[PDB]
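J.: Before I ask anything, here is the structure I am working with.
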Amino acid sequence: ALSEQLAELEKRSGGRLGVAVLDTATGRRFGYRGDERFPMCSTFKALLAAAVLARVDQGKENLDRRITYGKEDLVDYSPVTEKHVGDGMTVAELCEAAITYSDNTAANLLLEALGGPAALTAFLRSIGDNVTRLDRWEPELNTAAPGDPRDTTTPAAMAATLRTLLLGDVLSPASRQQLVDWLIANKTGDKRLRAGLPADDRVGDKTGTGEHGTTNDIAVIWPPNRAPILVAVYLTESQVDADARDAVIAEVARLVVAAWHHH
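The deposited numbering puts the sequence shown at residues 28 to 58, 60 to 238, 240 to 252, 254 to 293.
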């Protein structure tokens with residue numbers, strides 16, 4: 028079954044593969061290494077944007093507030109923020125850049141607006157995630173050293189937290205739709221989960237990439255007129271090249287779609 032298929036795929040990747048599925052139609056779930065820690069890399073940015081939106085809902089933050097910065101603030105891999113040193117960007121624009129491009133400077137600027145990694149972790153604890161932890165800033169949080177619990181989640185905790193944030197009562201309706209809209213507009217995921225999902229599904233996702242052959246993708250999937259399915263995939267310590275790691279994630283999606291009918 029799916030678990031044996033994922034084990035075969037995992038062996039071919041040379042690394043460690045974690046998968047969680049949470050179907051909101053029924054609450055049906057699946058885990060493969062669902063309670064093992066994996067480096068989040070940029071997947072944390074979905075949670076970061078949620079924490080920012082929570083502050084907006086509380087009147088402590090404004091999506092239209094403009095944040096200025098210089099080249100002195102630019103992290104490697106900042107494809108949006110590097111274009112806006114002159115004029116800065118709004119909190120909303122930074123959230124969009126962090127989610128849809130994995131923009132590292134946007135993420136650091138939002139972390140600063142929140143109070144840093146400890147503040148994000150405290151937000152997660154406050155909504156019932158006792159597992160996920162952010163400890164470092166960009167780019168160090170992508171080090172992905174084996175055995176290091178810093179900056180990690182588990183597939184099951186991430187899927188449960190996504191459910192709470194996108195579909196629960198933590199965020200206002202407008203904030204929930206805004207977070208969904210950003211995920212649906214993601215630009216970094218075309219070779220990962222999306223490449224293995226049916227064309228008529230609407231998909232929002234957030235990728236992560238790091240050292241030690243780390244390639245991740247977390248998604249909210251709406252098949254036609256159906257309640258959504260959450261899928262969280264983490265791959266680390268992989269020994270195949272970048273394109274092959276993407277193909278592992280795409281194949282997880284294909285296997286999940288093909289096996290999800292099983293009760």
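All C-beta atoms, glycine included, are put in the ideal place defined by N, C-alpha and C.
Can you grab the Cα-Cα spacing for the pair residue 195 / residue 189, in whole Å?
T.: Going from the Cα of residue 195 to the Cα of residue 189 covers about 10 Å.
J.: Which class does residue 104 belong to by DSSP, given the choice of helix, strand or coil?
T.: Three-state DSSP puts residue 104 in coil, outside helix and strand.
J.: If you compare alpha carbons, which of 41, 166, 53, 191 is closest to residue 236?
T.: Comparing Cα positions, the closest option is 166.
J.: Taking only the alpha-carbon atoms, compute the straight-line gap between residue 221 and residue 289 and give it to the nearest angstrom.
T.: Near 15 Å, if we compare the C-alpha coordinates of residue 289 and residue 221.
J.: Counting beta carbon pairs with one atom in the stretch 41-48 and one in the stretch 104-121, are three or more of them shorter than 8 Å?
T.: No, because fewer than three Cβ pairs between the stretch 104-121 and the stretch 41-48 fall closer than 8 Å, the two stretches do not touch.
J.: Do residue 185 and residue 209 have their CB atoms nearer than 8 Å?
T.: No, the Cβ-Cβ distance between residue 185 and residue 209 is not below 8 Å.
J.: Check for me: the alpha helix (DSSP H) holding residue 193 runs from which residue to which?
T.: Unbroken alpha helix (DSSP H) run through residue 193: 183-195.
J.: In its own chain, which residues sit with a C-beta less than 7 Å from the C-beta of residue 267, not counting the 5 before and 5 after it?
T.: Contacts found: 42, 43, 174, 241, 242.
J.: In its own chain, which residues sit with a C-beta less than 8 Å from the C-beta of residue 293, not counting the 5 before and 5 after it?
T.: Cβ neighbours of residue 293 beyond the five flanking positions: 55.
J.: I need the DSSP call for residue 290, collapsed to helix, strand or coil.
T.: In the structure shown, residue 290 sits in coil (DSSP, three-state: anything other than H, G, I, E or B).
J.: How about residue 198 and residue 155: do their beta carbons lie closer than 8 Å?
T.: The answer is yes: Cβ separation under 8 Å.
J.: Could you please give the first and the last residue of the uninterrupted alpha helix (DSSP H) stretch that includes residue 260?
T.: No alpha helix (DSSP H) holds residue 260; the beta strand (DSSP E) holding it covers 259-266.
J.: In terms of residue numbering, what span does the beta strand (DSSP E) encompassing residue 44 cover?
T.: Element bounds for residue 44: 43-50.
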